[PDB]
Amino acid sequence: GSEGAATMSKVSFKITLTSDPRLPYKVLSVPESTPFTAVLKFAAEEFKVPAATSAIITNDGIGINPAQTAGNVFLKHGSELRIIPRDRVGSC
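Residues numbered from 1 in each chain as written, not as in the entry; some residues may be left out. Heavy atoms only, no water.

Per the deposition metadata, solution NMR was the technique used to determine this entry.

Now the structure itself:
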């Protein structure tokens, strides 16, 4: 984890693991300034999942581009998102 409570401008995310029949959730807290791309790795390790075949998407089956601050990603995309598995080639 990290140390930081109430800094100035943060953005929390609510992602649920759509892999288990329990659909567990976890509220994360990080500075928007940070890239939403990191939220993945975190949201991953958080669920003890590999940050290789995983990615966060919207509620429209559309991916996300961490080409901006999380606050700009979680805003443009939203907070309520789902973590889905990713695969470049193979998997089958």
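After that view, the rundown keeps rolling.
Glancing now at the packing of aromatic side chains. Geometrically, a pair of aromatic rings is defined through the distance of the ring centres and the angle of the planes. By the definition in use, this model includes 2 aromatic pairs. Seen from their ring centres, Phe13 and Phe36 are 4.7 Å apart, and the 85° between their planes marks the pair as edge-to-face. Remark: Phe36 occurs in helix α1 (residues 36-46) and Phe13 occurs in strand β1 (residues 10-17); sequence separation between them is 23 residues. Judged by relative accessible area, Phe13 falls into the buried class, the value being 1%. Relative to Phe74, the ring of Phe13 has its centre 6.2 Å away and its plane inclined at 75°; by these criteria the two rings are edge-to-face. In this pair, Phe13 sits in strand β1 while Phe74 sits in helix α2 (residues 70-76), placing the two residues 61 residues apart along the sequence. Across the pair, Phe74 and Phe13 agree in class, each one buried. (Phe/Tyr/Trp six-rings, centres within 6.5 Å; stacked < 30°, edge-to-face > 60°. Helix = DSSP H or I, 4+ residues; strand = E, 2+ residues; numbered from the N terminus. Buried < 20%, exposed > 50% of the residue type's maximum accessible area, 1.4 Å probe, protein only.)

Time to look at the pattern of salt bridges. When the charged atoms of two side chains with opposite charge come close together, those side chains can pair. Scanning the model with the defined rule gives 1 salt bridge in all. In this structure, the salt-bridge partner of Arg22 is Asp20, at a minimum N-O distance of 3.1 Å. On the accessibility criterion, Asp20 (29% relative accessible area) is partly exposed. (Salt bridge = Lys/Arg side-chain N within 4 Å of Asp/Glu carboxyl O.)

By size, the foremost hydrophobic cluster in this structure holds 18 residues, and its most contacted members are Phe13, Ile15, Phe36, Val39, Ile56 and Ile83. Those elements that place two or more of their residues in this core are β1, β2 (25-31), α1, α2 and β4 (80-85). Leaving out residues up to four positions away in the same chain, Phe36 has contacts with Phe13, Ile56, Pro66, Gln68, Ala70, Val73, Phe74, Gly78 and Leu81. (Core = buried A, V, L, I, M, F, W, Y, C linked by side-chain atoms within 4.5 Å. Contact = heavy atoms within 4.5 Å.)

Taken in spatial order, the 4 strands make up an open sheet running β2-β1-β4-β3, and their pairing is mixed. The two strands at the open ends of the sheet, each matched to only one other strand, are β2 and β3 (54-57). Put simply, the sheet's adjacent strands are angled 35° from each other on average, direction ignored. Two elements, β1 and β4, share 4 bridges in a ladder whose sense is parallel. Bridge assignment links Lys14 to a residue of β4, and that residue is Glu80. Packing against the sheet, α1 makes contact with β1, β2, β3 and β4, and its axis sits at approximately 145° to β2. (Pairing = 2+ DSSP bridges. Axes fitted to C-alpha atoms, helices over the stretch in contact; angles between N-to-C directions.)

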